[PDB]
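For reference, the structure is listed below as structure tokens.
Number of protein chains: 2
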Amino acid sequence: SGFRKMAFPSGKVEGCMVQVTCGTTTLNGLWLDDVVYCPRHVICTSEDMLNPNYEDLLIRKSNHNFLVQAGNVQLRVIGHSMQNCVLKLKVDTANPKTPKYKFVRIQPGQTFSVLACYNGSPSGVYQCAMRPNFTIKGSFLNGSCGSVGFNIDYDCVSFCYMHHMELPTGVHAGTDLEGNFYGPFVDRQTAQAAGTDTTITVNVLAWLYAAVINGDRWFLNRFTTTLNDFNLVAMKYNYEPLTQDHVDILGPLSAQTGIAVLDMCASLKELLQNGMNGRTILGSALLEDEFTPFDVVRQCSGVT
Amino acid sequence: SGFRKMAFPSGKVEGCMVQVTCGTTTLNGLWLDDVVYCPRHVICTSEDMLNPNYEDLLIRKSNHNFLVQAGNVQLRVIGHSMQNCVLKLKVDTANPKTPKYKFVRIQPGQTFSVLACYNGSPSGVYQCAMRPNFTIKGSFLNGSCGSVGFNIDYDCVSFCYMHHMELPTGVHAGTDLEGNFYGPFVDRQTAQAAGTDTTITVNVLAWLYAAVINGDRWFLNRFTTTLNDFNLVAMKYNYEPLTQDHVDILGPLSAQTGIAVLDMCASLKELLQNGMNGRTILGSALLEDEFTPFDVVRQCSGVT
Ligand SMILES: O=C(Cc1cccc(Cl)c1)Nc1cncc2nc[nH]c12
Ligand SMILES: O=C(Cc1cccc(Cl)c1)Nc1cncc2nc[nH]c12
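These protein sequence lines map, in sequence, to chains A and A'. A prime marks a further copy of an entry chain.
Mapping of the first sequence onto the authors' numbering: position 129 corresponds to residue 129, and the numbering continues sequentially without gaps.
Mapping of the second sequence onto the authors' numbering: position 140 corresponds to residue 140, and the numbering continues sequentially without gaps.
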């Protein structure tokens, strides 16, 4: 029992972290096989960041200008290329600690672990969700760029995020491992709208099921609702509309607890309309949306 | 910017996890040098757990009865001894992945990361605090026993906790790495009082400073208080009395923000007496006490 915001064990990812320096800028890189991936803004100075012409800036750089250090050892760079907002630095040595891996583009509302790094060295690990507006509410300081987000399935690491930027609002933006930003963001020092965010309804319902499994049941009521009725409430409270696809993904939790998804929707409707009344659910005084139905089953079943 | 419940990177600890089986019981062990440490209740059957005579139960076991597997390879057990509530199994091979380490007994109110494991395999990592009543509110299932808590300082892992038991209340109890339980607990299947818990005041104040550093400032007021006045409020709200030692440890955060510790105490006093009024601080609708002043400085400075 107990329910925590659990991250994946970070060991497989720690073994891939390197420091990349270009000119006066240092950030993190990810070394997989004989390629090091890092944000392309490693080639910029502070003056360049207002409106960088990355193509022109990269033309002034040669392989020897990219200093890549894996712990205390230097990697020899034999090639460089820009793919969208990432640089791929070909090195002459395959990372001996390369785990089985994939590059995936996650959907908004999905979760992943972040290994925050500085100077190629891991500082900490935390779990978070990709917001419906494609930002992440992480914990990142100057130098964290190049830190990655990932999920693990047995021995395979699926990398889904590389950190690039902090918006003036203090939220975070980054790319998939092919360098494509999640959301409308561009890698420039300009104010950029993130746009309206919403609460991840299917994740809140999953967390309510986790609460019932772990004994927090005070919010269960004698009511039920329909998808249409519930979605009128979700609209008022800035929650994502619940679809049958979301109801289907909640099937395993509904079967385990014996609580029909629409009955749990009625509990959620009552919590939205009345608040918590000073009570808590799984140590939280707000409705949590950073656990997917898969995360709940994984944590409640002890998947390694 | 941003503030997360960040755990230490778990890689150094993942390299020490092994599966220990004795008879029909399987749990986790920690392999450091040529010793494997695990909860002594690995020698019990379910019938034994009501009131185990560990000395007698261990006498019926020989080195060959302890099956220790590091991933897929078997370790040869050449000695066994019980130290308080842990078993130390001497093996013929030093763990090649043994990091620099220490065994420490942490104080209540301090924090640490847990690497939850099942069958010797890591499932997840999370940060938590040792409650003032010596329990931890973890996320652990049957088979998680032997999972450890730890802190990292540069390249040295200080192990402070080994998981042993879940109380009937759903909270967790365990030992230091010398097998001494934190708190009054015994390794038996009996209902056991945890006793009154309190909120870790110095940690709440540290988190309020983290909130100010990250821009959440709505709770700052025009008031101040004294240690005596604040402690009358702490008493009413089941908070630990604040001492000058706690004020001293908050010095760096008070210097960084320019907010005197007693002025932050007045903000905390007002939040305790009036609640959050439906507002949040660092994404929380309650006063968080699982970040120490050291954790706040570490996260806000990017220590690796
Ligand atoms: O935002 C940047 C640098 C940057 C500026 C403009 C565009 C780009 Cl792509 C990158 N670094 C950063 C990241 N995360 C957190 C931080 N806190 C301070 N700086 C942080
Ligand atoms: O509590 C036990 C077994 C046990 C019983 C009596 C005394 C001792 Cl020392 C150990 N295992 C366990 C731990 N954490 C979480 C769990 N959820 C289910 N079982 C869990």
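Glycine included, every Cβ here is placed at the ideal spot set by N, Cα and C.
Contact test: residue i Cβ vs ligand 2 heavy atom, cutoff 6 Å
| i | result |
| --- | --- |
| A':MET165 | yes |
| A:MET6 | no |
Given residue i as reference, the closest of the options once Cα atoms are compared
| i | options | result |
| --- | --- | --- |
| A:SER46 | A:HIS172, A:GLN189, A:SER144 | A:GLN189 |
| A':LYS97 | A':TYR118, A':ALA70, A':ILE106, A':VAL104 | A':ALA70 |
| A:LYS88 | A:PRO108, A:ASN28, A:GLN74 | A:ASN28 |
| A':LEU75 | A':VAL91, A':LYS61, A':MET82, A':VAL86 | A':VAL91 |
| A':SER139 | A:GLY278, A:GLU240, A:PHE3 | A:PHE3 |
| A:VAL303 | A':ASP245, A':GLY124, A':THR175, A':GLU288 | A':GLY124 |
| A':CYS85 | A':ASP34, A':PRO52, A':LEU67, A':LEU232 | A':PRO52 |
| A:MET82 | A:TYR126, A:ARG298, A:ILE43, A:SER1 | A:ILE43 |
| A':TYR154 | A':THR199, A':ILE136, A':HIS164, A':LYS100 | A':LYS100 |
| A:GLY120 | A:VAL13, A:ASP56, A:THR199 | A:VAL13 |
| A':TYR54 | A':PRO39, A':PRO132, A':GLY149 | A':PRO39 |
| A':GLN110 | A':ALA193, A':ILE136, A':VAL148 | A':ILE136 |
| A:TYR209 | A:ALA260, A:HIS164, A:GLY195 | A:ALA260 |
| A:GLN192 | A:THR225, A:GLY143, A:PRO168 | A:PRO168 |
| A:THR21 | A:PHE181, A:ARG217, A:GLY146 | A:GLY146 |
| A:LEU262 | A:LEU205, A:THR175, A:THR196 | A:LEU205 |
| A':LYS102 | A':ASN151, A':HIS172, A':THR196 | A':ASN151 |
| A:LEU177 | A:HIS164, A:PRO184, A:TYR237 | A:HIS164 |
| A:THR93 | A:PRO122, A:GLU288, A:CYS16 | A:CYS16 |
Proximal chain A' residues relative to residue i, where beta-carbon distance stays under 7 Å
| i | result |
| --- | --- |
| A:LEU141 | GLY302 |
| A:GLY174 | Going along chain A', no residue has its Cβ under 7 Å from A:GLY174, so there is no contact; the nearest lies around 13 Å. |
| A:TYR37 | Here the premise fails: no neighbours, minimum Cβ distance about 19 Å. |
Partner residues on chain A for residue i, Cβ-Cβ distance less than 9 Å
| i | result |
| --- | --- |
| A':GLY170 | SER1, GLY2, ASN214, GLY215 |
| A':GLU166 | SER1, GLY2 |
| A':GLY283 | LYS137, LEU286 |
Closer than 6 Å: residue i CB and nearest ligand 1 heavy atom
| i | result |
| --- | --- |
| A:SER147 | no |
| A':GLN256 | no |
| A':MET235 | no |
| A:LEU227 | no |
| A:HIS41 | yes |
| A:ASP187 | yes |
| A:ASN142 | yes |
| A:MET49 | yes |
Proximal chain A' residues relative to residue i, where beta-carbon distance stays under 8 Å
| i | result |
| --- | --- |
| A:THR280 | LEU286 |
| A:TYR101 | Those do not exist, as A:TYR101 stays about 16 Å from chain A' at its closest Cβ, beyond 8 Å. |
Neighbouring residues, chain A, relative to residue i (Cβ below 7 Å)
| i | result |
| --- | --- |
| A':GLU14 | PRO9, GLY11 |
| A':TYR54 | Result: empty, since nearest Cβ-Cβ is about 25 Å, beyond 7 Å. |
| A':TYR237 | The premise fails here: A':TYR237 is roughly 13 Å from chain A at the closest Cβ pair, so nothing lies under 7 Å. |
| A':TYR209 | The premise fails here: A':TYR209 is roughly 15 Å from chain A at the closest Cβ pair, so nothing lies under 7 Å. |
Under 8 Å by beta carbon: chain A residues contacting residue i
| i | result |
| --- | --- |
| A':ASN119 | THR304 |
| A':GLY138 | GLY2, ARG4 |
| A':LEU115 | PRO9 |
| A':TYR161 | Those do not exist, as A':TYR161 stays about 14 Å from chain A at its closest Cβ, beyond 8 Å. |
| A':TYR182 | The contacting residues do not exist; A':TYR182 stays about 16 Å from chain A at best. |
Beta-ladder partner(s) of residue i, from DSSP
| i | result |
| --- | --- |
| A:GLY149 | A:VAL114, A:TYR161 |
| A':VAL91 | A':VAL77 |
| A:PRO122 | A:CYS117 |
| A:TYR239 | A:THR199 |
| A':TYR101 | A':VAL157 |
| A':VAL86 | A':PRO39, A':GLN83 |
| A':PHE66 | A':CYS22 |
| A':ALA129 | A':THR111 |
| A':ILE136 | A':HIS172 |
| A':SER284 | A':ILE281 |
| A':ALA7 | A:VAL125 |
9 Å Cβ cut-off: residues of chain A' touching residue i
| i | result |
| --- | --- |
| A:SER123 | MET6, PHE8, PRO9, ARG298, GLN299, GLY302, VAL303, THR304 |
Complete alpha helix (DSSP H) runs within the segment 192-224 of chain A (minimum length 4 residues, chain order): 201-213
Those runs of the beta strand (DSSP E) which lie wholly inside the segment 156-192 of chain A' and span at least 3 residues: 156-166, 172-175
Complete runs of the alpha helix (DSSP H) confined to the segment 9-64 of chain A' [at least 4 residues]: 11-14, 54-59
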